[PDB]
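Step one of this worksheet: look at the structure below.
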Amino acid sequence: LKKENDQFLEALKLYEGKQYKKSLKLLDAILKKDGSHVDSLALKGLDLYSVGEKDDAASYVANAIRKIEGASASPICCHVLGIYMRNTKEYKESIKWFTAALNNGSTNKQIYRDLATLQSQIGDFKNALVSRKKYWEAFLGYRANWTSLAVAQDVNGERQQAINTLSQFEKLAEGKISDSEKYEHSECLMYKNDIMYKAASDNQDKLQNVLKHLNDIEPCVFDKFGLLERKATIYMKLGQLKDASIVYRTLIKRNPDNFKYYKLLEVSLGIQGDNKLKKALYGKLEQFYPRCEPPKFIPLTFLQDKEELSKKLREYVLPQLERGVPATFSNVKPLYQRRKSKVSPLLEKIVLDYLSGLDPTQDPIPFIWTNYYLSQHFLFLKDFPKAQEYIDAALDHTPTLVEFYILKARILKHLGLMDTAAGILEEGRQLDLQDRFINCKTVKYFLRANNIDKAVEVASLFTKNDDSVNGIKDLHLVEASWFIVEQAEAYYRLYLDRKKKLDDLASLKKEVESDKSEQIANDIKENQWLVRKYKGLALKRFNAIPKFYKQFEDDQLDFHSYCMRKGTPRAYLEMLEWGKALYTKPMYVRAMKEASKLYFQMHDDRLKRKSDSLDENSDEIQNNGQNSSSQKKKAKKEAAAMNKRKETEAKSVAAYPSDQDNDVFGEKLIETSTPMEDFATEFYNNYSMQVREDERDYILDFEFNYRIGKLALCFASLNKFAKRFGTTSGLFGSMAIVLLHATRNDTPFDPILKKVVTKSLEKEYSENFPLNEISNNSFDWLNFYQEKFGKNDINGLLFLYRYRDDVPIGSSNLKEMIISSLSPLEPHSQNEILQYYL
RNA sequence: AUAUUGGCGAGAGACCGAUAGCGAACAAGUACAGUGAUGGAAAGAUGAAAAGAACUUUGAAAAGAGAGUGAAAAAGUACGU
RNA sequence: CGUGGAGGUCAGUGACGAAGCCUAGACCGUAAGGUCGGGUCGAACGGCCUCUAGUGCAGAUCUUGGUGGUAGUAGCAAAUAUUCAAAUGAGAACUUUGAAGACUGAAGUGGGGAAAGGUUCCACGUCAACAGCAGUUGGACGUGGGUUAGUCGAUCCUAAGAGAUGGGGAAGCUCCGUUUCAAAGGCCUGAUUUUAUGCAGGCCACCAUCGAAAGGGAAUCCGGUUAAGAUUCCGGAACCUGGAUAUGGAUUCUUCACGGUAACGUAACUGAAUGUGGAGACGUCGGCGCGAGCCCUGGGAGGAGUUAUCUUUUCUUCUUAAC
RNA sequence: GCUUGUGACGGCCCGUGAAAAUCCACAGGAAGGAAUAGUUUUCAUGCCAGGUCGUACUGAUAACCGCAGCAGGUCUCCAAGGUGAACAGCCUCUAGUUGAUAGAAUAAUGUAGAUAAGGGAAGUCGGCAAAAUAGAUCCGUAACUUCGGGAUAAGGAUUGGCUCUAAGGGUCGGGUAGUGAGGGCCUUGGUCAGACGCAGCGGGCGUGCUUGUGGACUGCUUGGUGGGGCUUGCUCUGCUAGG
RNA sequence: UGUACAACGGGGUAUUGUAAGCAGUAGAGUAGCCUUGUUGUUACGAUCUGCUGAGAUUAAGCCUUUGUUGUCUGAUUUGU
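Each residue of the first sequence is one higher than the one before, counting from 17 in UniProt numbering.
The structure is reproduced here in structure tokens:
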């Protein structure tokens, strides 16, 4: 060990700059003479990972790791390994390697800052505080160190220490602040105010001191919105009402279009009990802002007189109908969610009286806007023929509006006509090809109309077309979600339709002379193969949204240092909250539920087709053999044609690169080994570790914990659901019946778990569900359910129909009851349930 | 008043044009061969101007694949056509 | 008909490109030849009437220069001889190191030299050309350093030889001769107190020069120090020549010494011209005596190796100069 | 036992087998000289200088010459141990090389060596080429002749290894008894050059290191505070310092 | 995947010729000596005899062998 270290030191400068081939050549020349060099292998792994290679880089890194016994080597190798782990989404190993390097003897304090970022990604703040303290004591000439120390002491719990540190820093640097460093300083001041907020509590002297400090720093703080908000909060936490009212009036003068400021002023003034005071206040404020909308929308929520309410509604709808806004119904969208038989008749009467005095030629714009508003109002009131008549009259009057076509497509979708709606919306979109919202709506409605190829062809227009025949790669690079969700649902519907198709084809079973279904089977086989391939592609596309969220969370590497260098601690806390709440999105929950349903269906049908029927030799023959008719050449030609078609299909639906993911066909995802383990270690642990209290889907947790052998979690979730959302829901009774049928000794599980669940049920719910009817086969649970919770619930009936194999409570009677109970709903939902859910 | 391929200083061609013209248009009594009196050559002009190759990659290099200079490098120093 | 050049003309053409080259492209002329078109390529060139020749191509075993069949054949066969492990690298039948196995079998394939080569010896880096294969190797390439004399030679003298003046012939470049019909030169004493070294005398005639770095010859070694020089440098000890000059010894009033019969001796113990003698100075063959070196061997003091069996065992060190 | 140098020698000649420079000696007698000192530096010591040019390497199947690193030509001193008359032929030590494109089959035909049953030159222009004979001692040895030769003529007999026998030399020595020198005198006793030199209690010359104690800076389980900003957790310049 | 084959070893058989090592009052005779002898012994001593009718090879172009050790798919080319 003499010349190899010199060559490594002379080649390290190539990696330090912007050189890769010259360093790789030197590493190869070194390894050609001695292959047992750990530093050279560790550098070559990172060099191959930084240029594009993945397999060779991982192999070299694994070899370098295996060629290490103790923790006593050069710190450069450990630093390179830490960089590699940081670049390969490995935080624990990177932290361990950096700690081992710093424990050996490194004179580079900046490495400590790296740890201050790494642990900042895993939440380990106990050692992060010490790392920040060391990195601050190492260099005393940058405000980023002070900001990082303040943030670390505020997040942990050292509030007084952070206040003292900020005070000492401001005393030492009083007057030595440049111009560009003023704003940041102001931001820091605001952050200190936030710290003082944590020292506010309910003490009078503390709040007075915070108010005095805020009034003293007001001439120095540049941010005025947050300053005035904190001032109003302090005034509300004390007792001064006039000063708080003045602050809120100043905020309104700064920005009148804000419902939050108006609500806070209403709460501060204490006039929420009397209606005349609020009426006079809003009538006086209307003269100050005649062009706003909250001052005219909020007073429509506490009116009791019918004549006054009608007059206010008329004065609110007259300017909107005169100027013509594409959101008039939106302006009354939330009110319709809270009022109905009391407000909607008066609004309809006013609109009819206004329309009876208009003219289709003198005032065409108010005429068409009144027609659109009437169509919206009737569509909201479950009316369809009159809405279609109004939209047809509007199209005949002025066929140059996209909103009319959008409303027609929405009505046709609500009436179960998806294809006609897609056709009308495409025809309307072809009128002007410059808007993207209408294109996205058309693609979504085509995906909802069992039309995927045309939807993709329409979407492949505004996308960047380079190394692909369509724009699927561009749609995946712009970070999409709704498109994938809407396309996977169409794939699932098309796959479920094939089940009914095969059932109808097998119901004949070659009845008498039925050679038509026997002589024609190649097309059916090709259609089934295509449907299976698209179903696999759907499962492949499902593995994207969680991966996208993981990539978004991992891309916060340089942000931990940027938020401290630029001086944005409040933005850092906001980013932390955003990263913690990432797993609380509705689209994420929907995608996770769909993935769970798919995995459970795959587990079920795999365990069903594993050991069933008989004669495997007569079933594993398939085709590719016509006896004495050249079977080898025929099978070879068939395989060649299938491969040639699959290559073109994969190039058409190309989304992921070939060097990044080889599972393009998706055959390995639909035939995995442990689906439940993968779903728990990839899709469930994150949602379990990052979740609130009231926002928690108990149905998905119950479905996940049912088929694993753990019933205590099921009982806890059921108890929490009954305590939160009450006990008068059909879902509670359905889950209780499912649990009672699962605790039967006939089902192969754990007798101890069944016994403890039975004891818990007998101890908790003793006068709700008969727990002594598990031995009688004549007791019908459907009658008891419809007597207690009733048959009007749809979610409970859907859950009982989904879990009917393990709970024998009938089938035909349940289906008839569901059909009879679905009638007071919308036709499209009824059709979808009868076609797929039933 | 006559002679003058040697030497210095000048003006010219119906003269050959570099395998010629004096042996030599260049490091031409140079190198080279012989102990000798002596014999005695071959070798021009890339490009207006080196501005003749910064830089990437392959290769241990030589050099190649580029890029680029440059009217034009089927003008790259073994170079007018 | 074609080419070099010149006079007149077409107010000729031409880098929006000529000359030249290629053209299983065409046209004209019986033919020597000319014209256009496509590519090359870049600087000047063509027709008409005449004039001026260093004016035409296939070989003259013609000259210069370049290139094929042979042919990737012939051939890389004497001096009895190579293998294994590590290092330098892209590359070890060929390099270096280690272990062997072998040659010269000491009138050596070794140490030093006279010719002869003239920086080829040595260090660093280096493989484009040389080492008829290969090569990171070299007496190859580029950059640098390296040759110390009183004791060696040299220098000088001379033999066999060459040769210049005085002279003799040749028109002459020059031939003979060189002590031969040549009145040819330096060398010691005395003068001194203008003499500085000239002169008043005794006198000797040798007769020019060059030429044998193994002929003769005034003078030394020891040990070590360099990537190369060692008898030259370093430390020590002597010898020869030349010129200065003092000390002591010896000699003397038997002024230039004694002893031994003798051959001769004792540390010095006046002295020139001239003459004489000796050294210098010398054949081969064969033996004898002596000395030195080489070689063998004993005692004794060390070091190395054997030891299935045995050997007071086999080898090596124990040296001394010039004076 | 080998090489070299030297001295007297024996034979050789109608070849009897070199100069000069330079030095030394003798004959000779010119000239000079004494001691109150004049000579003597061919006696020993004491002073200075000896100039100029060569100096490396090769001296050869690679450094010279043969158009090239070409089994060709080039002089001189040195050189061991064993067999062996021998400086030959063979093996080895000191010393110098491992370099002369390499490997595998290893068939014709060739280069360099041989083997060859019986006959034997009959082969060929010719036994030229091969092999024989051929190392040391002995017997024997013709014709001829210029009587010196022929003559190792021809022809043959022995010739290994171990252990023994006889022979060819030198250097030494020719008495007993009384005496002197035992010119070795050992030894017992000393006389006084019995010195030079072995070793120690030692002294000086500074000085080589520590236990136990007045002190010192940098530091810690840290007890307690001049001040500032937060007007509570808290922050900073810090400070008197108990141990 | 096999009474298949290869390298060793056991033999059959052949070439040469009685080894290595020890022992023997063997050994032509010679020295040291001591109780000096009716075999006196310590060493030198070419050789002779006893195991040796073994020892050296036994295969490259001889024969066999369930013994020992193993091997058993490295690439190219083909059509009326």
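Built from N, CA and C at the ideal position, the CB exists for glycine as well.
Between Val-485 and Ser-668, the beta carbon gap of about 6 Å places them in contact (Cβ cut-off 8 Å). Between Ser-326 and the set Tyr-406, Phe-275 and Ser-360, the nearest pair of CA atoms involves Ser-360. In the structure shown, the three-state DSSP call for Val-54 is helix.
Along the length of the segment 784-842, whole alpha helix (DSSP H) runs at least 4 residues long occupy 797-804, 811-818 and 828-837, reported in chain order.
By the C-beta criterion, the segment 821-829 is judged to be in contact with the segment 757-766, since at least 3 inter-stretch pairs fall below 8 Å.
Per the C-alpha coordinates, the member of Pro-786, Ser-791, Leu-814 and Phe-681 positioned closest to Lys-804 is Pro-786.
Burial state of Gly-682 is buried, judged by a 10 Å Cβ sphere holding 16 or more other Cβ atoms. Excluding residues up to 5 positions away in sequence, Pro-91 lie with their Cβ nearer than 6 Å to the Cβ of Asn-120 in the same chain.
Annotation: the segment 472-541 contains the following complete segments of the alpha helix (DSSP H) (minimum length 4 residues), in chain order: 488-493, 498-524 and 532-535. With distances taken between CA atoms, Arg-265 lies nearest to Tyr-277 out of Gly-255, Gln-256, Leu-254 and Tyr-277. Rounded to the nearest whole angstrom, the C-alpha separation of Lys-532 and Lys-541 is 15 Å.
Ranked by how close their Cα comes to the Cα of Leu-417, the residues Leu-433, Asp-448, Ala-438 and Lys-402 have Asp-448 in first place. For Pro-342, same chain residues with a beta-carbon under 7 Å away, outside a window of 5 residues either side, are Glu-419 in chain order.
Going by beta carbons, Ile-686 and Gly-812 fall outside the 8 Å limit. Unbroken beta strand (DSSP E) runs of no fewer than 3 residues, entirely contained in the segment 549-613, are not found. Burial state of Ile-138 is exposed, judged by a 10 Å Cβ sphere holding fewer than 16 other Cβ atoms.
Counting C-beta atoms within 10 angstroms of its own C-beta, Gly-86 has fewer than 16 neighbours from the protein chains shown and is therefore classed as exposed. Counting along the chain, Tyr-406 sits inside the alpha helix (DSSP H) bounded by residues 401-413. In this structure, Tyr-370 keeps its C-beta atom at 8 Å or more from the C-beta atom of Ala-425. Of the residues assessed, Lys-294 falls on the buried side of the cut-off, its CB having 16 or more other CB atoms within 10 angstroms.
The beta carbon of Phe-396 is closer than 7 Å to those of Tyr-352 in its chain, skipping five residues each way along the sequence. Counting only runs that start and end inside the segment 287-375, the alpha helix (DSSP H) elements of at least 4 residues fall at 291-302, 310-313, 322-339, 344-347, 349-354 and 360-371.
The DSSP-derived three-state label of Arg-246 is helix. Exposure of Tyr-852 is indicated by the presence of fewer than 16 other C-beta atoms within 10 angstroms of its C-beta. Within the same chain, Cβ atoms closer than 6 Å to the Cβ of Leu-734 are found at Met-751, the five residues on either side in sequence being excluded. Of the residues assessed, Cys-204 falls on the buried side of the cut-off, its CB having 16 or more other CB atoms within 10 angstroms. Going by DSSP, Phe-383 is part of the alpha helix (DSSP H) stretching over 380-396. From the listed residues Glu-32, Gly-61 and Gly-33, the smallest Cα separation to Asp-44 is found for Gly-61.
When rounded, the separation of the alpha-carbon atoms in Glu-709 and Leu-716 is 15 Å. Excluding the 5 residues flanking it on each side, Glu-442 has same chain C-beta neighbours closer than 8 Å at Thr-458, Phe-462 and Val-474, in chain order. Of the residues assessed, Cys-94 falls on the buried side of the cut-off, its CB having 16 or more other CB atoms within 10 angstroms. Excluding the 5 residues flanking it on each side, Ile-250 has same chain C-beta neighbours closer than 8 Å at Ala-216, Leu-223, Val-226, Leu-227 and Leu-230, in chain order. Taking the Cα positions, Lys-149 is about 15 Å away from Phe-185. Residue nearest to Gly-286 within the set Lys-258, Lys-300 and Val-263 is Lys-258 (criterion: CA-CA distance). Inside the segment 148-204, DSSP marks whole alpha helix (DSSP H) runs of 4 or more residues at positions 159-172 and 175-188, from first to last along the chain.
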